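File shown: upload11.txt. Contents: compact mmCIF, N, CA and C atoms and all ligand atoms.
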# COMPACT_ATOMS: atom_id res chain seq x y z
N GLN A 1 17.74 10.41 92.63
CA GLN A 1 17.36 9.05 93.13
C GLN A 1 18.39 8.02 92.67
N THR A 2 18.25 6.79 93.17
CA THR A 2 19.16 5.70 92.85
C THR A 2 18.45 4.37 93.14
N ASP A 3 19.12 3.25 92.89
CA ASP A 3 18.54 1.93 93.14
C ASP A 3 18.68 1.61 94.63
N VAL A 4 17.83 2.27 95.42
CA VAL A 4 17.83 2.12 96.86
C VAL A 4 17.44 0.70 97.31
N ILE A 5 16.59 0.04 96.54
CA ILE A 5 16.16 -1.32 96.86
C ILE A 5 17.34 -2.29 96.84
N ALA A 6 18.22 -2.14 95.86
CA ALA A 6 19.39 -2.99 95.75
C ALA A 6 20.31 -2.69 96.93
N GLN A 7 20.37 -1.41 97.29
CA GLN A 7 21.17 -0.90 98.40
C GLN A 7 20.75 -1.60 99.70
N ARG A 8 19.47 -1.46 100.05
CA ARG A 8 18.94 -2.04 101.28
C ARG A 8 18.98 -3.56 101.35
N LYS A 9 18.58 -4.25 100.28
CA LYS A 9 18.60 -5.71 100.28
C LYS A 9 20.02 -6.23 100.52
N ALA A 10 21.01 -5.51 100.00
CA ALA A 10 22.41 -5.88 100.18
C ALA A 10 22.81 -5.77 101.65
N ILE A 11 22.49 -4.64 102.27
CA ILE A 11 22.81 -4.42 103.69
C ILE A 11 22.07 -5.40 104.59
N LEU A 12 20.79 -5.64 104.29
CA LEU A 12 19.99 -6.58 105.07
C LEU A 12 20.55 -7.99 104.93
N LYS A 13 21.09 -8.31 103.76
CA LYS A 13 21.67 -9.63 103.53
C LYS A 13 22.91 -9.75 104.41
N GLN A 14 23.62 -8.64 104.59
CA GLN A 14 24.82 -8.60 105.42
C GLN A 14 24.45 -8.87 106.89
N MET A 15 23.26 -8.42 107.30
CA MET A 15 22.80 -8.64 108.67
C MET A 15 22.52 -10.12 108.90
N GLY A 16 21.97 -10.77 107.88
CA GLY A 16 21.69 -12.19 107.97
C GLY A 16 22.99 -12.95 108.09
N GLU A 17 23.96 -12.58 107.26
CA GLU A 17 25.28 -13.21 107.26
C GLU A 17 25.93 -13.02 108.62
N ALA A 18 25.73 -11.84 109.20
CA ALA A 18 26.30 -11.50 110.50
C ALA A 18 25.77 -12.38 111.63
N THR A 19 24.51 -12.82 111.53
CA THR A 19 23.92 -13.66 112.57
C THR A 19 24.39 -15.11 112.49
N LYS A 20 24.87 -15.53 111.32
CA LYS A 20 25.33 -16.90 111.12
C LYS A 20 26.31 -17.44 112.17
N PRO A 21 27.40 -16.68 112.46
CA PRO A 21 28.36 -17.15 113.46
C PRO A 21 27.70 -17.36 114.81
N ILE A 22 26.80 -16.45 115.16
CA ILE A 22 26.09 -16.51 116.42
C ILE A 22 25.17 -17.73 116.47
N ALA A 23 24.45 -17.98 115.39
CA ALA A 23 23.54 -19.13 115.34
C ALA A 23 24.33 -20.43 115.42
N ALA A 24 25.53 -20.43 114.84
CA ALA A 24 26.39 -21.60 114.87
C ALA A 24 26.77 -21.91 116.32
N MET A 25 27.07 -20.85 117.07
CA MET A 25 27.44 -20.97 118.48
C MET A 25 26.28 -21.48 119.34
N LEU A 26 25.07 -20.97 119.09
CA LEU A 26 23.89 -21.40 119.84
C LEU A 26 23.63 -22.88 119.57
N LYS A 27 23.75 -23.26 118.31
CA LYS A 27 23.55 -24.64 117.87
C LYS A 27 24.69 -25.56 118.29
N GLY A 28 25.65 -25.02 119.03
CA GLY A 28 26.79 -25.80 119.48
C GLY A 28 27.69 -26.26 118.36
N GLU A 29 27.51 -25.70 117.17
CA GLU A 29 28.33 -26.08 116.03
C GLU A 29 29.63 -25.29 115.88
N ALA A 30 29.84 -24.28 116.73
CA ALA A 30 31.06 -23.48 116.67
C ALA A 30 31.45 -23.14 118.08
N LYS A 31 32.73 -23.08 118.38
CA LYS A 31 33.20 -22.75 119.71
C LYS A 31 32.96 -21.26 119.96
N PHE A 32 32.51 -20.89 121.17
CA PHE A 32 32.26 -19.49 121.49
C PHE A 32 33.50 -18.63 121.24
N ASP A 33 33.31 -17.56 120.48
CA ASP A 33 34.39 -16.65 120.16
C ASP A 33 33.88 -15.24 120.41
N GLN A 34 34.38 -14.60 121.47
CA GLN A 34 33.95 -13.26 121.82
C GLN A 34 34.23 -12.22 120.73
N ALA A 35 35.37 -12.35 120.06
CA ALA A 35 35.75 -11.42 119.00
C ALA A 35 34.76 -11.47 117.84
N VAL A 36 34.35 -12.69 117.47
CA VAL A 36 33.41 -12.90 116.37
C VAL A 36 32.02 -12.36 116.72
N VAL A 37 31.58 -12.59 117.96
CA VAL A 37 30.29 -12.11 118.41
C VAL A 37 30.25 -10.59 118.37
N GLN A 38 31.23 -9.96 119.01
CA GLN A 38 31.32 -8.51 119.03
C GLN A 38 31.41 -7.93 117.62
N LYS A 39 32.11 -8.62 116.72
CA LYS A 39 32.23 -8.15 115.34
C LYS A 39 30.86 -8.14 114.68
N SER A 40 30.10 -9.21 114.90
CA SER A 40 28.76 -9.32 114.33
C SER A 40 27.77 -8.33 114.93
N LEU A 41 27.88 -8.09 116.23
CA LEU A 41 26.98 -7.16 116.91
C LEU A 41 27.23 -5.73 116.46
N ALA A 42 28.51 -5.39 116.26
CA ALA A 42 28.91 -4.06 115.81
C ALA A 42 28.40 -3.84 114.38
N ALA A 43 28.54 -4.86 113.54
CA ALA A 43 28.09 -4.78 112.16
C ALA A 43 26.57 -4.55 112.12
N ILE A 44 25.84 -5.31 112.94
CA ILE A 44 24.39 -5.21 113.01
C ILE A 44 23.96 -3.81 113.45
N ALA A 45 24.61 -3.29 114.48
CA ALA A 45 24.30 -1.96 115.00
C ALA A 45 24.57 -0.87 113.98
N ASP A 46 25.67 -0.99 113.25
CA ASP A 46 26.03 0.01 112.24
C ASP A 46 25.06 0.02 111.06
N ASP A 47 24.70 -1.17 110.59
CA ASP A 47 23.76 -1.29 109.47
C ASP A 47 22.38 -0.75 109.84
N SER A 48 21.97 -0.96 111.10
CA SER A 48 20.67 -0.49 111.59
C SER A 48 20.54 1.03 111.51
N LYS A 49 21.67 1.73 111.56
CA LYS A 49 21.67 3.19 111.50
C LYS A 49 21.69 3.70 110.06
N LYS A 50 22.09 2.84 109.13
CA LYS A 50 22.15 3.20 107.71
C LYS A 50 20.80 2.96 107.04
N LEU A 51 20.14 1.87 107.41
CA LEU A 51 18.86 1.49 106.84
C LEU A 51 17.67 2.45 106.90
N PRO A 52 17.52 3.24 107.97
CA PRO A 52 16.37 4.16 108.03
C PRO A 52 16.28 5.12 106.85
N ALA A 53 17.41 5.37 106.21
CA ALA A 53 17.46 6.29 105.08
C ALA A 53 17.17 5.62 103.75
N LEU A 54 17.05 4.30 103.76
CA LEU A 54 16.84 3.55 102.52
C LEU A 54 15.42 3.09 102.21
N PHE A 55 14.41 3.67 102.84
CA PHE A 55 13.03 3.26 102.56
C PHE A 55 12.14 4.41 102.09
N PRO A 56 12.41 4.94 100.89
CA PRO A 56 11.62 6.05 100.34
C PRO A 56 10.28 5.57 99.81
N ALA A 57 9.27 6.43 99.90
CA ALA A 57 7.92 6.12 99.44
C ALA A 57 7.82 5.66 97.99
N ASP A 58 8.80 6.01 97.17
CA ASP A 58 8.79 5.61 95.77
C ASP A 58 9.43 4.24 95.52
N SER A 59 9.79 3.53 96.58
CA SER A 59 10.42 2.22 96.44
C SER A 59 9.53 1.06 96.85
N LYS A 60 8.22 1.18 96.65
CA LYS A 60 7.32 0.09 97.04
C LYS A 60 6.81 -0.79 95.89
N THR A 61 6.99 -0.34 94.66
CA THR A 61 6.51 -1.09 93.50
C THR A 61 7.60 -1.53 92.53
N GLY A 62 8.69 -2.09 93.05
CA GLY A 62 9.79 -2.52 92.20
C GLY A 62 9.59 -3.81 91.43
N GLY A 63 9.10 -4.82 92.13
CA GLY A 63 8.87 -6.11 91.51
C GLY A 63 9.80 -7.12 92.14
N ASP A 64 10.82 -6.63 92.84
CA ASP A 64 11.80 -7.48 93.51
C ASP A 64 12.04 -7.03 94.96
N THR A 65 11.01 -6.51 95.60
CA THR A 65 11.11 -6.06 96.99
C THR A 65 10.06 -6.76 97.86
N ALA A 66 10.45 -7.07 99.09
CA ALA A 66 9.57 -7.73 100.05
C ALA A 66 9.04 -6.73 101.07
N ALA A 67 9.41 -5.46 100.91
CA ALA A 67 8.95 -4.41 101.80
C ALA A 67 7.44 -4.22 101.62
N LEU A 68 6.70 -4.24 102.72
CA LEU A 68 5.25 -4.08 102.67
C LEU A 68 4.82 -2.61 102.75
N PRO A 69 3.71 -2.27 102.08
CA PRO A 69 3.20 -0.90 102.08
C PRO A 69 3.02 -0.34 103.48
N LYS A 70 2.73 -1.21 104.45
CA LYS A 70 2.52 -0.77 105.82
C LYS A 70 3.70 0.01 106.38
N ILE A 71 4.89 -0.22 105.83
CA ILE A 71 6.09 0.48 106.27
C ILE A 71 5.82 1.98 106.20
N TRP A 72 5.18 2.40 105.12
CA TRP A 72 4.89 3.81 104.91
C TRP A 72 3.65 4.32 105.61
N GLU A 73 2.84 3.40 106.12
CA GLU A 73 1.65 3.76 106.85
C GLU A 73 2.03 3.90 108.33
N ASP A 74 3.10 3.22 108.72
CA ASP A 74 3.59 3.23 110.09
C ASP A 74 5.11 3.49 110.07
N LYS A 75 5.52 4.54 109.37
CA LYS A 75 6.94 4.88 109.24
C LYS A 75 7.67 5.24 110.52
N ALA A 76 6.99 5.88 111.47
CA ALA A 76 7.62 6.23 112.73
C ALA A 76 7.99 4.96 113.50
N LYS A 77 7.09 3.98 113.48
CA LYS A 77 7.28 2.71 114.16
C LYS A 77 8.41 1.92 113.50
N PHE A 78 8.36 1.84 112.17
CA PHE A 78 9.35 1.14 111.38
C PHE A 78 10.77 1.65 111.65
N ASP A 79 10.95 2.97 111.59
CA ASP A 79 12.25 3.57 111.84
C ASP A 79 12.77 3.24 113.22
N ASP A 80 11.89 3.38 114.21
CA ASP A 80 12.24 3.11 115.60
C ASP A 80 12.66 1.68 115.83
N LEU A 81 12.09 0.75 115.07
CA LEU A 81 12.45 -0.66 115.21
C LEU A 81 13.94 -0.83 114.89
N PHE A 82 14.41 -0.12 113.87
CA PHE A 82 15.83 -0.18 113.51
C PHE A 82 16.66 0.42 114.64
N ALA A 83 16.10 1.45 115.28
CA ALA A 83 16.77 2.13 116.38
C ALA A 83 16.87 1.19 117.58
N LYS A 84 15.81 0.42 117.80
CA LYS A 84 15.75 -0.54 118.89
C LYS A 84 16.78 -1.64 118.67
N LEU A 85 16.93 -2.07 117.42
CA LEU A 85 17.89 -3.12 117.07
C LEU A 85 19.30 -2.61 117.34
N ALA A 86 19.61 -1.43 116.82
CA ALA A 86 20.93 -0.83 117.00
C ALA A 86 21.26 -0.70 118.49
N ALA A 87 20.30 -0.21 119.26
CA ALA A 87 20.48 -0.04 120.70
C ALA A 87 20.67 -1.37 121.42
N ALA A 88 19.92 -2.39 121.00
CA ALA A 88 19.99 -3.72 121.60
C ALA A 88 21.34 -4.36 121.30
N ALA A 89 21.78 -4.23 120.05
CA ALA A 89 23.06 -4.78 119.61
C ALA A 89 24.23 -4.12 120.35
N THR A 90 24.19 -2.80 120.48
CA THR A 90 25.24 -2.07 121.18
C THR A 90 25.28 -2.45 122.66
N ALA A 91 24.11 -2.71 123.23
CA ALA A 91 24.04 -3.10 124.63
C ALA A 91 24.61 -4.51 124.78
N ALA A 92 24.22 -5.39 123.86
CA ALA A 92 24.66 -6.77 123.85
C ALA A 92 26.18 -6.85 123.82
N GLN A 93 26.79 -5.95 123.05
CA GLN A 93 28.25 -5.90 122.93
C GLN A 93 28.88 -5.79 124.31
N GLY A 94 28.21 -5.08 125.22
CA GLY A 94 28.73 -4.90 126.56
C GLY A 94 28.34 -5.95 127.58
N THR A 95 27.29 -6.72 127.32
CA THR A 95 26.86 -7.72 128.28
C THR A 95 27.24 -9.15 127.92
N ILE A 96 27.61 -9.38 126.67
CA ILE A 96 27.99 -10.72 126.23
C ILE A 96 29.49 -10.95 126.43
N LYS A 97 29.82 -11.63 127.51
CA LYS A 97 31.21 -11.92 127.85
C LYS A 97 31.62 -13.38 127.66
N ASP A 98 30.65 -14.28 127.68
CA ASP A 98 30.92 -15.70 127.51
C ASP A 98 29.72 -16.44 126.92
N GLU A 99 29.87 -17.74 126.72
CA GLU A 99 28.80 -18.56 126.16
C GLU A 99 27.50 -18.44 126.96
N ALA A 100 27.61 -18.44 128.28
CA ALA A 100 26.44 -18.33 129.15
C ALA A 100 25.69 -17.01 128.91
N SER A 101 26.43 -15.91 128.80
CA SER A 101 25.80 -14.62 128.58
C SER A 101 25.31 -14.43 127.14
N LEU A 102 25.87 -15.18 126.21
CA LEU A 102 25.43 -15.10 124.82
C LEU A 102 24.03 -15.70 124.81
N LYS A 103 23.94 -16.94 125.31
CA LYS A 103 22.67 -17.65 125.38
C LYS A 103 21.64 -16.82 126.12
N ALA A 104 22.09 -16.10 127.14
CA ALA A 104 21.21 -15.27 127.96
C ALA A 104 20.81 -13.92 127.37
N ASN A 105 21.70 -13.29 126.62
CA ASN A 105 21.43 -11.95 126.07
C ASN A 105 21.09 -11.81 124.59
N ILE A 106 21.50 -12.77 123.77
CA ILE A 106 21.27 -12.69 122.34
C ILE A 106 19.80 -12.60 121.88
N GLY A 107 18.88 -13.11 122.68
CA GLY A 107 17.48 -13.07 122.31
C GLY A 107 16.91 -11.68 122.14
N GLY A 108 17.30 -10.76 123.02
CA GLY A 108 16.82 -9.40 122.95
C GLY A 108 17.19 -8.73 121.64
N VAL A 109 18.35 -9.09 121.11
CA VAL A 109 18.84 -8.53 119.85
C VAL A 109 18.06 -9.13 118.68
N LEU A 110 18.18 -10.44 118.51
CA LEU A 110 17.54 -11.18 117.43
C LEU A 110 16.00 -11.13 117.41
N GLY A 111 15.40 -10.82 118.55
CA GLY A 111 13.95 -10.72 118.61
C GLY A 111 13.45 -9.58 117.75
N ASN A 112 14.29 -8.57 117.55
CA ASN A 112 13.94 -7.40 116.75
C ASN A 112 13.74 -7.75 115.27
N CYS A 113 14.57 -8.65 114.76
CA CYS A 113 14.48 -9.10 113.38
C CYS A 113 13.07 -9.62 113.10
N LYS A 114 12.60 -10.49 113.98
CA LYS A 114 11.28 -11.10 113.85
C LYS A 114 10.16 -10.07 114.00
N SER A 115 10.28 -9.19 114.99
CA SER A 115 9.27 -8.16 115.23
C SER A 115 8.96 -7.35 114.00
N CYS A 116 10.00 -6.92 113.29
CA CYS A 116 9.83 -6.12 112.09
C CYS A 116 9.28 -6.94 110.95
N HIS A 117 9.91 -8.08 110.69
CA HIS A 117 9.49 -8.97 109.61
C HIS A 117 8.02 -9.37 109.70
N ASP A 118 7.52 -9.55 110.92
CA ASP A 118 6.13 -9.92 111.13
C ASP A 118 5.17 -8.90 110.52
N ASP A 119 5.43 -7.63 110.78
CA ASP A 119 4.57 -6.55 110.30
C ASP A 119 4.95 -5.87 108.99
N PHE A 120 6.24 -5.82 108.67
CA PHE A 120 6.69 -5.10 107.49
C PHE A 120 7.32 -5.86 106.33
N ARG A 121 7.38 -7.18 106.41
CA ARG A 121 7.99 -7.94 105.33
C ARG A 121 7.07 -9.05 104.83
N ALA A 122 6.98 -9.18 103.51
CA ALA A 122 6.12 -10.17 102.88
C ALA A 122 6.63 -11.59 103.04
N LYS A 123 5.76 -12.45 103.56
CA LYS A 123 6.05 -13.87 103.75
C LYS A 123 5.98 -14.44 102.34
N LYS A 124 7.03 -15.13 101.89
CA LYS A 124 7.03 -15.68 100.54
C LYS A 124 8.28 -16.38 100.03
N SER A 125 8.26 -16.59 98.72
CA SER A 125 9.32 -17.21 97.94
C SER A 125 9.72 -18.67 98.28
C1 LIG B 1 18.03 -8.60 112.52
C2 LIG B 1 19.23 -9.17 113.10
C3 LIG B 1 17.66 -8.78 111.18
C4 LIG B 1 18.14 -9.70 110.26
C5 LIG B 1 19.09 -10.87 110.50
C6 LIG B 1 17.48 -9.40 109.09
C7 LIG B 1 17.71 -10.04 107.87
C8 LIG B 1 17.03 -9.84 106.65
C9 LIG B 1 17.35 -10.49 105.48
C10 LIG B 1 18.39 -11.57 105.29
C11 LIG B 1 16.52 -9.95 104.52
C12 LIG B 1 16.48 -10.31 103.05
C13 LIG B 1 17.51 -9.52 102.25
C14 LIG B 1 17.68 -10.06 100.84
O1 LIG B 1 16.75 -9.91 100.02
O2 LIG B 1 18.75 -10.64 100.56
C15 LIG B 1 15.73 -9.03 105.19
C16 LIG B 1 14.75 -8.22 104.58
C17 LIG B 1 13.96 -7.23 105.18
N1 LIG B 1 14.02 -6.93 106.48
FE1 LIG B 1 15.12 -7.87 107.96
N2 LIG B 1 16.56 -8.44 109.26
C18 LIG B 1 16.75 -8.00 110.50
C19 LIG B 1 16.11 -6.87 111.04
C20 LIG B 1 15.12 -6.08 110.43
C21 LIG B 1 14.49 -5.02 111.05
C22 LIG B 1 14.75 -4.50 112.46
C23 LIG B 1 13.56 -4.58 110.12
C24 LIG B 1 12.64 -3.53 110.21
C25 LIG B 1 12.58 -2.60 111.32
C26 LIG B 1 13.73 -5.36 109.01
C27 LIG B 1 13.02 -5.19 107.81
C28 LIG B 1 13.17 -5.91 106.63
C29 LIG B 1 12.46 -5.66 105.47
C30 LIG B 1 11.26 -4.73 105.31
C31 LIG B 1 13.03 -6.46 104.51
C32 LIG B 1 12.72 -6.48 103.03
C33 LIG B 1 13.72 -5.68 102.20
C34 LIG B 1 13.31 -5.55 100.74
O3 LIG B 1 13.10 -6.57 100.08
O4 LIG B 1 13.18 -4.41 100.26
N3 LIG B 1 14.66 -6.30 109.20
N4 LIG B 1 16.01 -8.99 106.50

Would you mind writing the file out in structure tokens?
Ligand code: HEM
Amino acid sequence: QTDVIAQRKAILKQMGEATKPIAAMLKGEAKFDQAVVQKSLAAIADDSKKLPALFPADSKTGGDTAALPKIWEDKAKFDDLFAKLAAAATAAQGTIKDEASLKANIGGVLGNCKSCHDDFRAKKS
């Protein structure tokens, strides 16, 4: 075993950082950059494939984790959500060509973050 919780929180933090450039663009605070968008989408898709291996049943009582017990009661659903994110991100990479398509396609990707957090992450801090 190892400190899997530190592992996952780090990768998940990277996903949040990855969405920043995109949110800046939506908020009109940054000029649309296709290279930056694709870089963030690729990062998100790659991390989504690494995360399914980082949620072992013995990592629910750390004291510094926001992962809810339900993850282990609905593990098939939880894993698939990461799969849905990866698939959505990879698809987005191919459909997002300009600012108009970013605004139009980014929701399907980012909607996954909320879907999981609603059921599997503790509201707090
Ligand atoms: C999707 C684009 C997405 C983002 C963005 C995202 C971010 C995120 C952050 C920033 C955290 C906190 C990490 C930290 O402590 O620094 C976090 C935490 C959890 N998430 Fe999330 N998340 C995104 C997607 C998903 C998906 C698709 C799921 C589940 C299928 C998911 C789950 C979780 C869980 C659970 C945590 C808590 C981790 C822990 O404390 O052990 N996220 N997310």

query = For residue 73 in chain A, which residue among A:94, A:13, A:119, A:22 is the nearest when counting only C-alpha atoms?
reply =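 Ranked by minimum distance to residue 73 in chain A, first place goes to A:119.
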
Put a box with edges along x, y and z around all the listed atoms of ligand LIG 1 (chain B), pad it by 4 Å on each side, then give me its centre and sizes in Å, one decimal, as lines of an AutoDock Vina configuration file.
center_x = 15.2
center_y = -7.1
center_z = 106.6
size_x = 16.0
size_y = 17.0
size_z = 21.1

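Remark: for ligand LIG 1 (chain B), the closest of the candidate residues A:39, A:27, A:117, A:97 is A:117 (distances computed over only N, CA and C atoms and all ligand atoms).
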
inquiry  = At a cut-off of 7 Å around ligand LIG 1 (chain B), and using all atoms listed in the file, what residues come up? Please write them as a VMD selection string.
reply    = chain A and resid 5 8 to 19 44 64 to 68 77 to 83 85 109 to 117 120 to 122

I need the residues from that last selection saved to file as a short mmCIF file (atom, residue, chain, number, x, y, z; two decimals), in the coordinates of the input (with N, CA and C atoms), if you can.
data_model
loop_
_atom_site.label_atom_id
_atom_site.label_comp_id
_atom_site.auth_asym_id
_atom_site.auth_seq_id
_atom_site.Cartn_x
_atom_site.Cartn_y
_atom_site.Cartn_z
N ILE A 5 16.59 0.04 96.54
CA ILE A 5 16.16 -1.32 96.86
C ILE A 5 17.34 -2.29 96.84
N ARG A 8 19.47 -1.46 100.05
CA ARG A 8 18.94 -2.04 101.28
C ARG A 8 18.98 -3.56 101.35
N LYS A 9 18.58 -4.25 100.28
CA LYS A 9 18.60 -5.71 100.28
C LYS A 9 20.02 -6.23 100.52
N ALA A 10 21.01 -5.51 100.00
CA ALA A 10 22.41 -5.88 100.18
C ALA A 10 22.81 -5.77 101.65
N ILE A 11 22.49 -4.64 102.27
CA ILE A 11 22.81 -4.42 103.69
C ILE A 11 22.07 -5.40 104.59
N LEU A 12 20.79 -5.64 104.29
CA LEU A 12 19.99 -6.58 105.07
C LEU A 12 20.55 -7.99 104.93
N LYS A 13 21.09 -8.31 103.76
CA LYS A 13 21.67 -9.63 103.53
C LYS A 13 22.91 -9.75 104.41
N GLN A 14 23.62 -8.64 104.59
CA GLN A 14 24.82 -8.60 105.42
C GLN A 14 24.45 -8.87 106.89
N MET A 15 23.26 -8.42 107.30
CA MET A 15 22.80 -8.64 108.67
C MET A 15 22.52 -10.12 108.90
N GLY A 16 21.97 -10.77 107.88
CA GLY A 16 21.69 -12.19 107.97
C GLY A 16 22.99 -12.95 108.09
N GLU A 17 23.96 -12.58 107.26
CA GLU A 17 25.28 -13.21 107.26
C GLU A 17 25.93 -13.02 108.62
N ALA A 18 25.73 -11.84 109.20
CA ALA A 18 26.30 -11.50 110.50
C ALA A 18 25.77 -12.38 111.63
N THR A 19 24.51 -12.82 111.53
CA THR A 19 23.92 -13.66 112.57
C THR A 19 24.39 -15.11 112.49
N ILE A 44 25.84 -5.31 112.94
CA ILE A 44 24.39 -5.21 113.01
C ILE A 44 23.96 -3.81 113.45
N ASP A 64 10.82 -6.63 92.84
CA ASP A 64 11.80 -7.48 93.51
C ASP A 64 12.04 -7.03 94.96
N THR A 65 11.01 -6.51 95.60
CA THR A 65 11.11 -6.06 96.99
C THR A 65 10.06 -6.76 97.86
N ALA A 66 10.45 -7.07 99.09
CA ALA A 66 9.57 -7.73 100.05
C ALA A 66 9.04 -6.73 101.07
N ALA A 67 9.41 -5.46 100.91
CA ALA A 67 8.95 -4.41 101.80
C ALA A 67 7.44 -4.22 101.62
N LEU A 68 6.70 -4.24 102.72
CA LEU A 68 5.25 -4.08 102.67
C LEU A 68 4.82 -2.61 102.75
N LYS A 77 7.09 3.98 113.48
CA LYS A 77 7.28 2.71 114.16
C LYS A 77 8.41 1.92 113.50
N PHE A 78 8.36 1.84 112.17
CA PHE A 78 9.35 1.14 111.38
C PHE A 78 10.77 1.65 111.65
N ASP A 79 10.95 2.97 111.59
CA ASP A 79 12.25 3.57 111.84
C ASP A 79 12.77 3.24 113.22
N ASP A 80 11.89 3.38 114.21
CA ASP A 80 12.24 3.11 115.60
C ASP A 80 12.66 1.68 115.83
N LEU A 81 12.09 0.75 115.07
CA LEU A 81 12.45 -0.66 115.21
C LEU A 81 13.94 -0.83 114.89
N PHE A 82 14.41 -0.12 113.87
CA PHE A 82 15.83 -0.18 113.51
C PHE A 82 16.66 0.42 114.64
N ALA A 83 16.10 1.45 115.28
CA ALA A 83 16.77 2.13 116.38
C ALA A 83 16.87 1.19 117.58
N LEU A 85 16.93 -2.07 117.42
CA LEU A 85 17.89 -3.12 117.07
C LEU A 85 19.30 -2.61 117.34
N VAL A 109 18.35 -9.09 121.11
CA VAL A 109 18.84 -8.53 119.85
C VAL A 109 18.06 -9.13 118.68
N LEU A 110 18.18 -10.44 118.51
CA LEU A 110 17.54 -11.18 117.43
C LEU A 110 16.00 -11.13 117.41
N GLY A 111 15.40 -10.82 118.55
CA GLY A 111 13.95 -10.72 118.61
C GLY A 111 13.45 -9.58 117.75
N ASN A 112 14.29 -8.57 117.55
CA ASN A 112 13.94 -7.40 116.75
C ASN A 112 13.74 -7.75 115.27
N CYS A 113 14.57 -8.65 114.76
CA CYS A 113 14.48 -9.10 113.38
C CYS A 113 13.07 -9.62 113.10
N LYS A 114 12.60 -10.49 113.98
CA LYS A 114 11.28 -11.10 113.85
C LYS A 114 10.16 -10.07 114.00
N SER A 115 10.28 -9.19 114.99
CA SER A 115 9.27 -8.16 115.23
C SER A 115 8.96 -7.35 114.00
N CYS A 116 10.00 -6.92 113.29
CA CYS A 116 9.83 -6.12 112.09
C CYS A 116 9.28 -6.94 110.95
N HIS A 117 9.91 -8.08 110.69
CA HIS A 117 9.49 -8.97 109.61
C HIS A 117 8.02 -9.37 109.70
N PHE A 120 6.24 -5.82 108.67
CA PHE A 120 6.69 -5.10 107.49
C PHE A 120 7.32 -5.86 106.33
N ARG A 121 7.38 -7.18 106.41
CA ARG A 121 7.99 -7.94 105.33
C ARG A 121 7.07 -9.05 104.83
N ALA A 122 6.98 -9.18 103.51
CA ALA A 122 6.12 -10.17 102.88
C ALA A 122 6.63 -11.59 103.04
#

message = Just the number, please: distance in Å from atom C of residue 31 in chain A to atom N of residue 99 in chain A, one decimal.
response =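 So the two atoms, atom C of residue 31 in chain A and atom N of residue 99 in chain A, lie 8.2 Å apart.
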
Among listed residues A:96, A:107, A:89, A:125, nearest residue 42 in chain A (using all atoms listed in the file) = A:89

message = I'd like the contact shell of residue 2 in chain A - 12 Å cut-off, only C-alpha atoms, skipping same-chain residues fewer than 5 positions apart - returned as a list in words.
response =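 Near neighbours after the sequence-gap exclusion: residues 7, 8, 54, 55, 56, 58 and 59 of chain A.
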
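If you look at CA of residue 105 in chain A and atom C of residue 91 in chain A, they are 8.2 Å away from each other.
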
request  = Calculate how many Å separate CA of residue 101 in chain A from CA of residue 52 in chain A, rounding to one decimal.
outcome  = 29.4 Å

message = If you run DSSP on the backbone here, which positions in chain A get alpha helix (DSSP H)? Please write them as number ranges by chain.
response = A: 4-26, 34-50, 70-73, 75-95, 99-120

message = I want to know what sits within 8 Å of residue 90 in chain A, based on only C-alpha atoms, with residues of the same chain fewer than 3 positions away left out; could you give that as a PyMOL selection string?
response = chain A and resi 41-42+45+86-87+93-94

Writing N, CA and C atoms and nothing else, produce range 1-11 of chain A as a PDB file, in the first residue's frame.
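Resulting contents of selection09.pdb:
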ATOM      1  N   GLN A   1       0.852  -1.224   0.000  1.00  0.00           N
ATOM      2  CA  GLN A   1       0.000   0.000   0.000  1.00  0.00           C
ATOM      3  C   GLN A   1       0.870   1.250   0.000  1.00  0.00           C
ATOM      4  N   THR A   2       0.235   2.409  -0.147  1.00  0.00           N
ATOM      5  CA  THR A   2       0.926   3.697  -0.192  1.00  0.00           C
ATOM      6  C   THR A   2      -0.076   4.803   0.154  1.00  0.00           C
ATOM      7  N   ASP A   3       0.386   6.053   0.181  1.00  0.00           N
ATOM      8  CA  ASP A   3      -0.486   7.185   0.493  1.00  0.00           C
ATOM      9  C   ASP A   3      -1.271   7.555  -0.765  1.00  0.00           C
ATOM     10  N   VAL A   4      -2.261   6.727  -1.072  1.00  0.00           N
ATOM     11  CA  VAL A   4      -3.103   6.897  -2.244  1.00  0.00           C
ATOM     12  C   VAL A   4      -3.944   8.175  -2.188  1.00  0.00           C
ATOM     13  N   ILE A   5      -4.338   8.582  -0.985  1.00  0.00           N
ATOM     14  CA  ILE A   5      -5.140   9.791  -0.805  1.00  0.00           C
ATOM     15  C   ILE A   5      -4.373  11.031  -1.266  1.00  0.00           C
ATOM     16  N   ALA A   6      -3.084  11.087  -0.946  1.00  0.00           N
ATOM     17  CA  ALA A   6      -2.248  12.214  -1.349  1.00  0.00           C
ATOM     18  C   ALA A   6      -2.111  12.178  -2.868  1.00  0.00           C
ATOM     19  N   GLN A   7      -2.003  10.963  -3.400  1.00  0.00           N
ATOM     20  CA  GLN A   7      -1.877  10.702  -4.831  1.00  0.00           C
ATOM     21  C   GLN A   7      -3.081  11.292  -5.575  1.00  0.00           C
ATOM     22  N   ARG A   8      -4.274  10.837  -5.205  1.00  0.00           N
ATOM     23  CA  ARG A   8      -5.499  11.286  -5.849  1.00  0.00           C
ATOM     24  C   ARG A   8      -5.818  12.768  -5.687  1.00  0.00           C
ATOM     25  N   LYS A   9      -5.679  13.310  -4.479  1.00  0.00           N
ATOM     26  CA  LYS A   9      -5.961  14.729  -4.253  1.00  0.00           C
ATOM     27  C   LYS A   9      -5.056  15.599  -5.127  1.00  0.00           C
ATOM     28  N   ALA A  10      -3.824  15.144  -5.340  1.00  0.00           N
ATOM     29  CA  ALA A  10      -2.870  15.864  -6.179  1.00  0.00           C
ATOM     30  C   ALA A  10      -3.344  15.893  -7.632  1.00  0.00           C
ATOM     31  N   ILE A  11      -3.722  14.732  -8.162  1.00  0.00           N
ATOM     32  CA  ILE A  11      -4.206  14.630  -9.539  1.00  0.00           C
ATOM     33  C   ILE A  11      -5.511  15.404  -9.738  1.00  0.00           C
TER      34      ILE A  11
END
